[PDB]
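As a basis for the values below, the full set of heavy atoms in this structure was taken, side chains included, without hydrogen atoms, waters or symmetry mates. One-based numbering along the sequence shown. One-based numbering, in listed order, for ligands and for the atoms of each.
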Amino acid sequence: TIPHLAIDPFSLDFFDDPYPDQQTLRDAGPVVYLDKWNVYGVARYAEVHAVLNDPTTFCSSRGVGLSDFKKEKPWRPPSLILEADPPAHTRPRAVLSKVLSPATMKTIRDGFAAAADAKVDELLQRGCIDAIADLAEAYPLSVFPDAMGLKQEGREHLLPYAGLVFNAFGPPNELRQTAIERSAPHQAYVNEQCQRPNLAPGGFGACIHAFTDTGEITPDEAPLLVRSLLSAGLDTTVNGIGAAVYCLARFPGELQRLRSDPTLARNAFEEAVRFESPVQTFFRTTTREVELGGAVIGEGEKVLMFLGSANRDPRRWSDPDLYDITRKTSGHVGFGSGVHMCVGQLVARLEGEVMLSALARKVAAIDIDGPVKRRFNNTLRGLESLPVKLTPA
Ligand code: HEM
Ligand SMILES: O=C(O)c1ccc(CCl)cc1
Ligand SMILES: [Cl-]
C-alpha cells in the first residue's frame, strides 16, 4: 500500500524551504502518491536512480513535466531530445554530444576563463555586489550567448524564456499560467534565432546546422536542437554558479580550502550542484504496469523524481547536508543519469570551474551583507538576490 501525502512540491512554502518536506517524502516510503497533483513520487536516491535508468518503462516522450502529451497539447513543439525516447532520441543526442564535445571545450576554455577572471576583477573594484545579477547571471550572459553565435540584440529574452521553460514543466499553478501568459515575445525571439542565417559562424548553433548533412539530423530538425540549447544552456548555469557562490558564502571553511588548492574548483562546483540541485525535479510517464520499490504503478502514470532529495538522501550520502568540496560526488543525479544525462554538462562544468578558479585565486572572503531573496520557479532552485562583500586576496 502506497502512502498518500498532501505535500505540494510546487508550492511557494515548499520552495522556500524544501528540506523537511523532502525528508517526509523519503521517509514515508520508497514510492508515495501526491494527492495534490495525482502523481507518484520518488524521493530516495535508489528509486530516482532506478527510474532514470529505465527509459523504456519510465518514458520521456509523454513529457517530462506534469502534463501528459497523450492527454494535452504541449505548450510548445516537443523537444527532439529531452522529450523523445530511444530510438528517436539517439541521433539528435549524438549530434548535441559532438557539438558540446570534449574536443569542443578546448576551443572555448581560454575565452571562458579570461571572462571569469575579468568578471571577478571587475566585481572586486566594486566590493559590495549582488552575486546573482552581477555574477551568477552576468558571467554566463558574457560567454554563452556569444558561444551560441547569437546576435547582440534581443538577448534580454533569454533568461525570461528559460524561466518560462522551467516553470512550464510544473503543474498548472499560478507560476506556470503567468509564465505562459507572458511567453509570446520570448518564444518569437528564440524561435527566430534558431534559424541557420541568424547563428554566427563557428558557434554552437552553426555547428548544429552543420551536422544536418551527415544523416544524423535533417535540416528541419536543426532549429529545434538550437532551441534546446537556448532553453537549457543559460539559466541552469546561472543557478549552478549562484549555488556555488551561495555555498562558499555560507561555508567559509570551504572557501578557505578552495583558496589553498584552486585545483579543487571543478569538484567544488560539482558539490554545489549536488548540494543545491539547481534542477530540482523531472517527471517520467510509465509505459506499462511496473513494480518500483515494492509498489505497483499502473500504465500511463506520471512519476515525479526529486533529484535534489536524492542528492541529500542519507541512505546514499554521508553528512548529506554538509557542503564538502572534497566529497566523492560521482553518482549524484543533479545532471540526471542514463541516456538523457545532461548533454551540456561539459559546458556547465567548464563555466563553474573557471569561475570558482577565479574566486579561489582572487578573493579572500565572501560575506553576505544584505537580505537574501529566493527566486521561485516550478523546476529551478536558486536565489533572486545575494548581496555579498568580496574581500580581495
Ligand atoms: C548546472 C547546470 C545544469 C544542470 C544542473 C542541468 C541539469 C540537467 C538534467 C537534470 C538533465 C536531465 C533531464 C532528464 O533526465 O529528463 C539535463 C539534460 C539536458 N541538458 Fe542540462 N543542465 C545544466 C546545464 C546545461 C547546459 C549548459 C546545457 C547546454 C549548453 C544543457 C543542455 C541539456 C540538454 C540538451 C539536455 C537533454 C539531454 C537529453 O535529453 O538527452 N544543460 N540537464
Ligand atoms: O531540449 C530542451 O528544450 C531542454 C533540455 C533540457 C532541459 C533541462 Cl536542463 C530543459 C530543456
Ligand atoms: Cl518556444
Is the closest N or O pair between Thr236 and ligand 2 shorter than 3.5 Å?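 No: no nitrogen or oxygen of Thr236 is under 3.5 Å from one in ligand 2.
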For the 3.5 Å polar cut-off, considering only N or O atoms, please tell me whether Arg227 and ligand 2 meet it.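 No, there is no polar N/O contact under 3.5 Å.
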Regarding [X] and [Y], does a basic nitrogen lie under 4.0 Å from an acidic carboxylate oxygen?
X	Y	answer
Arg361	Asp117	yes
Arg257	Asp324	yes
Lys302	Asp68	no
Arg126	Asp134	yes

Using a 3.5 Å cut-off on N or O atoms only, is [X] in polar contact with ligand 1?
X	value
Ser60	no
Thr237	no
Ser228	no

Within reach of ligand 2, part of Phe335 (heavy-atom separation under 4.0 Å):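 No part of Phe335 comes within reach of ligand 2.
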Hey, is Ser228 touching ligand 2 through its side chain, its backbone, both or neither, going by heavy atoms under 4.0 Å?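 Looking at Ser228 and ligand 2, atoms from backbone and side chain both fall under 4.0 Å.
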So which protein heavy atom does [atom] come closest to, and at what separation?
atom	answer
atom 35 (C) of ligand 1	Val343 CG1, 3.4 Å
atom 32 (C) of ligand 1	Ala232 CB, 3.4 Å
atom 22 (N) of ligand 1	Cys342 SG, 3.2 Å
atom 6 (C) of ligand 1	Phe335 CD2, 3.7 Å

Answer with side chain, backbone, both or neither: which part of [X] has a heavy atom less than 4.0 angstrom from an atom of ligand 1?
X	result
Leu234	neither
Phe144	side chain
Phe282	side chain
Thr236	both
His89	side chain

Please confirm whether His340 comes under 4.0 Å of ligand 2, counting heavy atoms of the residue only.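 Flag not set, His340 not near ligand 2.
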Atoms of ligand 2 less than 4.0 Å from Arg76 heavy atoms?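 The atoms of ligand 2 under 4.0 Å from a heavy atom of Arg76 are 2 (C), 3 (O).
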Numbering the atoms of ligand 2 from 1, which are under 4.0 Å from a heavy atom of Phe166?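 With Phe166 as reference, the close atoms of ligand 2 come out as 8 (C), 9 (Cl), 10 (C).
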Common cluster, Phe335/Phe283, ILVMFWY with side-chain heavy-atom separation under 4.5 Å: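 No, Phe335 and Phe283 fall in different hydrophobic clusters.
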Given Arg93, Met341, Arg284, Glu270, which one has a non-hydrogen atom that is nearest to atom 14 (C) of ligand 1?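 Nearest heavy atom to atom 14 (C) of ligand 1 lies in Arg284.
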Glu83 to ligand 1, any heavy atom closer than 4.0 Å: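 Heavy atoms of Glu83 never come under 4.0 Å of ligand 1.
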